[PDB]
Amino acid sequence: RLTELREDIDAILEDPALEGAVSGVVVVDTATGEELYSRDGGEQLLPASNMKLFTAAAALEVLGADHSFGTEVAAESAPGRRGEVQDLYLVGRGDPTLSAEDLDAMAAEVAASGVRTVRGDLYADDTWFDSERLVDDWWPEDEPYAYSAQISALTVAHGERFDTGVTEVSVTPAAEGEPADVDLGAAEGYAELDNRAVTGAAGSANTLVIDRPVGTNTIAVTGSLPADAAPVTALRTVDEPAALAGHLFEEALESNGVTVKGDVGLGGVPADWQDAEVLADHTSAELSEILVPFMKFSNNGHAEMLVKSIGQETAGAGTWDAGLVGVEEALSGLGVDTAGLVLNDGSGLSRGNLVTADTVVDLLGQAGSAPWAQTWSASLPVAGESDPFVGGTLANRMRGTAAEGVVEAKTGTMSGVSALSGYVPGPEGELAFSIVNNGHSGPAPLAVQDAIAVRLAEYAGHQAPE
Ligand SMILES: [Co+2]
Ligand SMILES: [Co+2]
């Protein structure tokens, strides 16, 4: 059976879509340790979001599956009989899932604790991590997009996917000839609007563009939206996620009948403060639960927040330098051979990252007998599953194949880089595989990857659901 599986993967990898590409492909029976297939297994390749595999494992080792994150509100002393504080501080400690509703509930606590007036200023404190918002070699042109959100200790997560540091922009058509209506979402009165967008004739071509030009906090909307068109909604990032958090907290406070009389900006708790009075707090869910939106949808911001959180835990330093070493050391402590690894970030956005397919599989084996193996496993996309929180980035891949419902695997695509790595359980042993593609010249070789995963599922003794 093994001899023929090698022939089959050989033929699959002979696909025209892999022209000029290097492909690291490694397959291991995780019970025996038997290497079933290996090709360029020790070759160093960009992993794209397969890099999140290393990050997730290290966060579970360093922080633990029980770990949660806090946000709190702090005045120098409690409110008076008059119900007055001076300056107020919103303080974030790396919560990657902090919502607008979470800010409202803390605003309700500030009120219920007897504040009616903030006489001084409101500060957003994100000093728990450094203020290095983006990695060195990330591309400025990617910066308006949610996957390239700025990294902060204090960031507002949008929606049930928990997309951090962004706002939802909605563009609605009006009468033909009238400007389109732009709704900045949460960033209303925070980000600036530059609306050059017109409403086009009914049935005209849609040419609408929503940008944030580099080094500005301005949403620039150009082009035409047809009068008959459906509204356009787009997640766009903001400059200084903490400042937007501070902004939304200001409104949250005011909405809960707390008057803020001064300004909103960045600032850390003075330390001059003998014993700061905590007027509100919030605790995230635990890391094991947070791992699901993180890994299923491949959240870049979560990953980089987890790295800085690892840096804080191992070193007291919310820093890429500190957190990345912490990743490496945790993986080493896990029994992983990190020789072939180059860690430049936690998400895999960086083109400075290198893995090898042998390293990936090594980790997949080591993660399988870790105490946290089940929380880790549950976080991965499941091939062909309809439910977005189950199937994730694999929800519309491998449906009606032997892989559907069985293959748990992490994805990762950029220009010239694609990857699929994970597990294949079955009647004939549980397998770990890594498929890493670099240097191909068109569309990501996703069908080739599906083909391999599918064959392995068949080999593991599975059949397509009908
Ligand atoms: Co506003
Ligand atoms: Co099956």
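In the PDB archive, X-ray crystallography is given as the structure determination method for this entry, at a resolution of 2.40 Å.

Some points on the side chain of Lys 52
Within the secondary structure layout, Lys 52 lies in helix α2 (residues 52–62). Ignoring sequence-local partners within four residues, the contact set of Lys 52 consists of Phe 294, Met 295, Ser 298, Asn 299, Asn 300, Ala 303, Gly 346, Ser 347 and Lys 410.

A look at the packing of aromatic side chains
Enumeration over the complete set of coordinates arrives at five aromatic pairs. Considering the side-chain rings of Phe 297 and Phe 389, the 5.0 Å spacing of their centres and the 80° angle between planes classify their relative orientation as edge-to-face. One end of the pair, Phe 297, is in helix α5 (residues 287–297); the other, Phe 389, is in helix α10 (residues 388–391), with 92 residues separating them in the sequence. With a centroid separation of 5.8 Å and an interplanar angle of 65°, the aromatic rings of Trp 372 and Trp 376 are classed as edge-to-face. Accessibility classification places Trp 372 together with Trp 376 in one group, the buried group. Positioned above the aromatic ring of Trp 320, the side-chain terminus of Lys 308 is 3.9 Å from the ring centre. In this structure, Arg 351 packs its charged tip against the face of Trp 139, placed 5.2 Å from the ring centre.

With respect to helix α7 (residues 320–333)
Along an α-helix, a turn takes 3.6 residues, which lines up residues three or four apart on a common side. Its 14 residues place the ends of α7 20 Å apart at the C-alpha level, agreeing with the 20 Å of an ideal helix rising 1.5 Å per residue. Along α7, the positions that sit buried rather than exposed are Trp 320, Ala 322, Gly 323, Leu 324, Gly 326, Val 327, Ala 330 and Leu 331. Against α2, α6 (300–315) and α8 (357–368) lie the buried residues of α7. Backbone geometry just after α7 places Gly 335 at a positive phi near 105°.

Thoughts on the coordination of the cobalt ion (ligand 1)
Six octahedrally arranged donors around a metal ideally form angles of 90 or 180 degrees; four tetrahedrally arranged donors ideally form angles of 109.5 degrees. Ligation of the cobalt ion (ligand 1) by protein atoms is provided by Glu 188 (O), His 247 (NE2) and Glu 251 (OE), these donors lying 2.1 to 2.2 Å from the ion. The sequence pattern describing where the donors of the cobalt ion (ligand 1) fall on their chain is E-x58-H-x3-E. Taken as a pair, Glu 188 in the loop between β12 (181–183) and β13 (192–195) and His 247 in helix α4 (residues 241–255) lie far apart in primary sequence, 59 residues in all. On the accessibility criterion, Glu 188 (36% relative accessible area) is partly exposed.

Brief notes about the layout of surface pockets
Volume-wise, the largest pocket comes out at about 410 Å³. Surrounding the largest pocket, 23 residues form its lining, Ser 49, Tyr 147, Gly 412, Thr 413 and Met 414 being those nearest its centre. Among the secondary structure elements, those contributing two or more residues to the lining of the largest pocket are β23 (408–414), β24 (417–424) and α11 (446–459). The leading source of residues in the lining of the largest pocket is β23, at five residues.

Considerations on the UniProt feature "binding site: substrate" in the chain
Sites flagged by UniProt as "binding site: substrate" map to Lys 410. Excluding residues within four positions of it along the chain, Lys 410 makes contact with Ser 49, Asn 50, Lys 52, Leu 53, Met 295, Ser 298, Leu 380, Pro 381, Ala 419, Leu 420 and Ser 421. Among the polar contacts listed, one links the side chain of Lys 410 to the side chain of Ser 298, at a separation of 3.0 Å.

A look at the sheet that holds strand β15 (residues 209–211)
Reading across the sheet, the three strands line up as β13-β16-β15 and stay open at both edges, with mixed pairing between neighbours. Both edges of this open sheet fall to β13 and β15, since each of them pairs with a single strand only. The sheet shows a mean angle of 15° between the axes of neighbouring strands, taken without regard to direction. Where β13 meets strand β16 (residues 218–222), four bridges bridge the pair, whose relative direction is parallel. Note on β16: the bridge partner recorded for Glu 192 is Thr 218.

A few points about a negative patch on the surface
Together, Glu 168, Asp 181, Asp 183 and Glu 188 line one region of the surface with negative charge. Secondary-structure assignment places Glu 168 in strand β11 (residues 166–172).

Let's talk about unusual backbone geometry
Excluding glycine, residues mostly carry a negative phi; peptide bonds, for their part, are mostly trans. At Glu 240, a position not held by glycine, the phi torsion is positive, near 60°. Relative to the helices and strands, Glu 240 is located in the loop between β18 (232–237) and α4. Take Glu 240: its relative accessible area is 22%, and that puts it in the partly exposed class. Even without being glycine, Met 398 reaches a positive phi, approximately 70°.

Structural notes on the UniProt feature "active site" in the chain
Taking the UniProt record as the reference, the feature "active site" is found at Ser 49, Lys 52 and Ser 298. The named residues occupy 250 residues along the chain; their greatest pairwise C-alpha distance, 7.6 Å, places them in one compact cluster. Of the residues annotated just before, the largest pocket has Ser 49 and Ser 298 among its lining. Engagement of the side chain of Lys 52 in a polar contact is seen with the side chain of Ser 298, the distance being 2.9 Å. Take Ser 298: its relative accessible area is 14%, and that puts it in the buried class. Within the structure, the side chain of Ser 298 is placed 3.3 Å from the side chain of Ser 49, a separation counted as a polar contact.

Each value, and the rule that gives it
Residues numbered from 1 in each chain as written, not as in the entry; some residues may be left out. Chains lettered and ligands numbered in written order. Heavy atoms only, no water. Helix = DSSP H or I, 4+ residues; strand = E, 2+ residues; numbered from the N terminus. Contact = heavy atoms within 4.5 Å. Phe/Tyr/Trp six-rings, centres within 6.5 Å; stacked < 30°, edge-to-face > 60°. Buried < 20%, exposed > 50% of the residue type's maximum accessible area, 1.4 Å probe, protein only. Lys NZ or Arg CZ within 6 Å of the ring centre and 35° of its normal. Expected span 1.5 Å × (residues − 1). Donors = N, O, S within 2.8 Å, 3.2 Å for Na, K, Ca; no water. 1 Å grid on protein atoms, 1.4 Å probe; cavity = no way out; pocket = protein on both sides within 12 Å on 5 of 7 lines; lining within 4 Å. Points joined across faces, edges and corners; volume = space filled by probe spheres on them. UniProt positions renumbered as here; feature names shortened; annotations may be inferred. Polar contact = N/O pair within 3.5 Å; in protein donor to acceptor, adjacent residues only side chain to side chain. Pairing = 2+ DSSP bridges. Axes fitted to C-alpha atoms, helices over the stretch in contact; angles between N-to-C directions. Patch = residues over 30% accessible without salt bridge, like charges linked within 9 Å, V, L, I, M, F, W, Y side chains within 5 Å. Areas by Shrake-Rupley, 256 points an atom, 1.4 Å probe, with all protein chains shown as cover. Salt bridge = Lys/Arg side-chain N within 4 Å of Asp/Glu carboxyl O. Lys, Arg positive; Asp, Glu negative; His and termini not counted. Charge placed at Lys NZ, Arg CZ, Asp CG, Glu CD.

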